[PDB]
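Reading through the structure tokens given below for one structure.
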2 protein chains.
Amino acid sequence: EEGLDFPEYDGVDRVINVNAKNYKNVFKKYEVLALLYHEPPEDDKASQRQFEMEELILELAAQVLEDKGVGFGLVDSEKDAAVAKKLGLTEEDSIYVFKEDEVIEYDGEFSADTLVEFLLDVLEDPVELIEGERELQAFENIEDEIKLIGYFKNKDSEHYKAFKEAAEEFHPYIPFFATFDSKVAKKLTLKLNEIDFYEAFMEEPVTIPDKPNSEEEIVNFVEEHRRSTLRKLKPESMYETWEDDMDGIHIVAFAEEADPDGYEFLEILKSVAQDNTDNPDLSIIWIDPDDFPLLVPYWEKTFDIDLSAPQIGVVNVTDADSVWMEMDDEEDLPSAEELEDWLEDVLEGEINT
Amino acid sequence: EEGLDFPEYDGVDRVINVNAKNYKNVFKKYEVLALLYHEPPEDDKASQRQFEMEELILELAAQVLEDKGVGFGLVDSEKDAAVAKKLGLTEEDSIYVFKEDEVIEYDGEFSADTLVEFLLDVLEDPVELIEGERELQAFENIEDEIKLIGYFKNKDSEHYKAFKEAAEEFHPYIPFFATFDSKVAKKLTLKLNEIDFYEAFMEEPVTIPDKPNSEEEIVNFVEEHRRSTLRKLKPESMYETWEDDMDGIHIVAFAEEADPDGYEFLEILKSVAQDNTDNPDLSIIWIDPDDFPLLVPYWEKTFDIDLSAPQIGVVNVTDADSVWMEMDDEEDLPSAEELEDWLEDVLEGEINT
Ligand SMILES: [Ca+2]
Ligand SMILES: [Ca+2]
Ligand SMILES: [Ca+2]
Ligand SMILES: [Ca+2]
Ligand SMILES: [Ca+2]
Ligand SMILES: [Ca+2]
Ligand SMILES: [Ca+2]
Ligand SMILES: [Ca+2]
Ligand code: NA
Ligand code: NA
């Protein structure tokens, strides 16, 4: 009578060597397929160990998601070059995710936790329908990502169908919501076929012009407004966000949401964002250190800061050179006006404008 | 001008094969040392893959914590049996952590995130001193773990020294706090040399009897009150918590703190705990599904429940057989009285009392 153990990695291989002979069979077996497009084995042990690690991370995810019908596979850039061509794999050592007719080029953290969460999100339907109070409140409480909501007659509306096609284009990174309920639309202030776009951390939405909107009109609008003035660094999308610099730099704010000072600082950052939302030259990345435990020592060393306290700085993406605002924790945090004044001082001696 | 990359696992081996010839040198090099006491390689590939995974997890942690002077090593139960004896390694395939004169037998999740967070906590001083407002408020806001606070004259008080020795015994699992400030003591209602013990999720503390307290008096008291009526499953300690069953079963509640319904349910659970805090036969484990993304599919399948909603049930630790309370999400959540009545109904047909 020992007592059952928690689940454990079982050491059984599940990741598929995807090749010319089996790739069609593989796609037929799984509704969602995650493929690592990678390079051939190098001579050096370091590279071999790096690959060994990545493959095992995939093995763990494959074990967790086996019952859900998610498949995992490897496409070698040498041995499987022709497979890569048919599927459109190009980015070296990168994960591509396939669902029905959509291909996703994953640009997030290579960890089992993050990958499993992402793939569970991929499995969900692309549009969330709002019918009840719980669901409406859930929609209203989303602030840390862009979100869209439309009001349509019902699921058979050509305009709802266009909205759903657009949703699939950005799935699962940007949540699309719909309602068919005139009462809900009333609370959201939506006319029929109207789509409201909510920038991350903004209270007021922008309505997509020229309704009813075609799928292309929605997709164009979202692409144009893809970068929020304030955006959160999230494991699922961290590389895409960081690679999207503003002329070689990022304004970076560290704030632990769960901490009193972190929360207050975030509220200040949201104010700064709101007051500058129309300036296309401004993007601030909010990093909550609690989301990236393995990077905190690196950040503290590299930036010479204490991540137990809120920070704001400017980072050069070429060499990670940076400058950080002095804040005395014995005083109140700087107001939005003080933050903006500091950013102006620092950025006045920089690249442009 | 590509742009610097985020840090990555470099594939360089850092985990030490600890043996009879080097073990004394290893302990001298590091202030904190984490040793995996493990079995010799089996013949089957499955076992070999399991070990391969564990070792690489240690490699990742070793890379992250290299600058902090944390060392990682392997002690083979066959090749290194004599080393295991000198150090007191006994638990098969288990991690032991060494700091100065303390040995910790890790009983938490074997993941790099969790291990690094734990070891960063190990590195910190065992007693947190409360001098200012921020620190006092931080102390007051802790609810999900047991905490102790004492008021002493200064660091040279023999009674403070006893408190610190006791703190080292439970470090870093149970936070010990001290103040030397009479004003702070006044707000906390502490007399000189008085130590207040706060059970997790309880508002009212219990004062350790018979002050001033010896180190042994404090340690005895903490051990006697080690199990809180409501306790949170945490990655760092999950196996210790789960293995501490109440006569073969656990009452388990799933609640996502960040969700409206989850938060409300947690508030109800806290009420249930408070109303039954004196009953030594009652322990409820609160699991926030958000803390264990890799186990959610397993739990949903095994227990036949939807973890997007609050749940409460009784689980048999032998075979994971279970029963879960029906709650209709279109109605309000059950009151504390309803929850208690349900638990009584289910547990009346069980093992004892
Ligand atoms: Ca292949
Ligand atoms: Ca409107
Ligand atoms: Ca139109
Ligand atoms: Ca904006
Ligand atoms: Ca060894
Ligand atoms: Ca008191
Ligand atoms: Ca005494
Ligand atoms: Ca109690
Ligand atoms: Na999403
Ligand atoms: Na702790």
Side-chain angles (χ1 to χ4, degrees), chain A residues 1-13 44-54 56 59-61 64-65 67-68 109-114 116-117 120 132 134 137-138 141 238-239 242-243 245 248 259-261 293-298 301-302 316-320 329-330, chain B residues 1-13 44-54 56 59-61 64-65 67-68 109-114 116-117 120 132 134 137-138 141 238-239 242-243 245 248 259-261 293-298 301-302 316-320 329-330:
Chain A
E1 196 182 35
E2 177 96 68
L4 189 52
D5 293 331
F6 276 85
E8 62 178 14
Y9 170 56
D10 64 9
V12 174
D13 288 348
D44 67 295
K45 42 197 171 70
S47 302
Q48 290 171 12
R49 292 285 274 164
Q50 292 174 308
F51 181 80
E52 177 180 8
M53 165 82 85
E54 288 185 344
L56 277 164
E59 290 288 0
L60 185 53
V64 171
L65 294 174
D67 178 84
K68 296 279 194 173
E109 168 185 283
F110 204 134
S111 70
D113 286 348
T114 299
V116 166
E117 288 178 80
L120 285 173
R134 173 173 291 104
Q137 192 57 215
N141 286 323
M238 66 192 293
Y239 299 114
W242 190 259
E243 287 165 341
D245 58 90
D259 173 275
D261 300 307
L294 299 182
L295 290 173
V296 170
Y298 165 82
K301 185 187 181 185
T302 299
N316 183 307
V317 300
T318 311
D319 55 7
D329 64 43
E330 294 184 347
Chain B
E1 196 182 35
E2 177 96 68
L4 189 52
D5 293 331
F6 276 85
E8 62 178 14
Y9 170 56
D10 64 9
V12 174
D13 288 348
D44 67 295
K45 42 197 171 70
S47 302
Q48 290 171 12
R49 292 285 274 164
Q50 292 174 308
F51 181 80
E52 177 180 8
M53 165 82 85
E54 288 185 344
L56 277 164
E59 290 288 0
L60 185 53
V64 171
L65 294 174
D67 178 84
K68 296 279 194 173
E109 168 185 283
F110 204 134
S111 70
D113 286 348
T114 299
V116 166
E117 288 178 80
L120 285 173
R134 173 173 291 104
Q137 192 57 215
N141 286 323
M238 66 192 293
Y239 299 114
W242 190 259
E243 287 165 341
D245 58 90
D259 173 275
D261 300 307
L294 299 182
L295 290 173
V296 170
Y298 165 82
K301 185 187 181 185
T302 299
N316 183 307
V317 300
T318 311
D319 55 7
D329 64 43
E330 294 184 347

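Within every chain, numbering begins at 1; the chains are lettered A, B, ... in the order of the sequence lines, protein sequences first and strands thereafter. Just so it is clear, the values below take in all heavy atoms, side chains as well, and ignore hydrogens, waters and symmetry mates.
Heavy atoms closer than 4.5 Å to chain A are found nowhere in B:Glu54, neither backbone nor side chain. For B:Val116, the part lying under 4.5 angstrom from a heavy atom of chain A is the side chain only. For B:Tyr9, the parts sitting under 4.5 Å from any heavy atom of chain A are the backbone and the side chain alike. Proximity to chain A involves both the backbone and the side chain of B:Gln50, based on heavy atoms less than 4.5 angstrom apart. For chain B, the nearby part of A:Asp13 is the side chain; its heavy atoms alone come within less than 4.5 Å. With a threshold of 4.5 angstrom between heavy atoms, A:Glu59 approaches chain B through side-chain atoms but not through N, CA, C or O.
A:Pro293 has its side chain within reach of B:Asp113: a pair of non-hydrogen atoms, C-beta onward, lies under 4.5 Å apart.
Between the side chain of A:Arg134 and the main chain of B:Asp261, no donor-acceptor pair closer than 3.5 Å is present.
Chosen from B:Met238, B:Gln48, B:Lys45, the residue pairing most often with chain A at heavy-atom distances under 4.5 Å is B:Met238. If you tally non-hydrogen atom pairs under 4.5 Å between each of B:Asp5, B:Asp10, B:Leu295 and chain A, the highest count goes to B:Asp10. Taking B:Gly11, B:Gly132, B:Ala112, B:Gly3 one by one and counting their heavy-atom pairs under 4.5 Å with chain A, the maximum is reached by B:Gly11.
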For this session: Start with the C-alpha distance between A:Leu294 and B:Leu60, add both sets of side-chain angles, then the distance that settles side-chain contact (heavy atoms from CB on, under 4.5 Å), and finish with yes or no.
Result: CA-CA 9 Å; A:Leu294 299 182; B:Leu60 185 53; 4.1 Å; yes
For this session: With side-chain contact (heavy atoms from CB on, under 4.5 Å) as the test, would you mind laying out the steps for B:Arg49 and A:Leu56 before giving the verdict?
Result: CA-CA 9 Å; B:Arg49 292 285 274 164; A:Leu56 277 164; 3.6 Å; yes
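Note that CG of A:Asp319 is 8.0 Å distant from CG of B:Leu4, once rounded to the nearest 0.5 Å. Summarising the geometry, atom CD belonging to A:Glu52 is positioned 10.5 Å from atom CE belonging to B:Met53; distances are rounded to the nearest 0.5 Å.
Residues that satisfy the ring pair (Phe, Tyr, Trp, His ring centres under 6.0 Å) test with B:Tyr239, not counting sequence neighbours, are A:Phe6.
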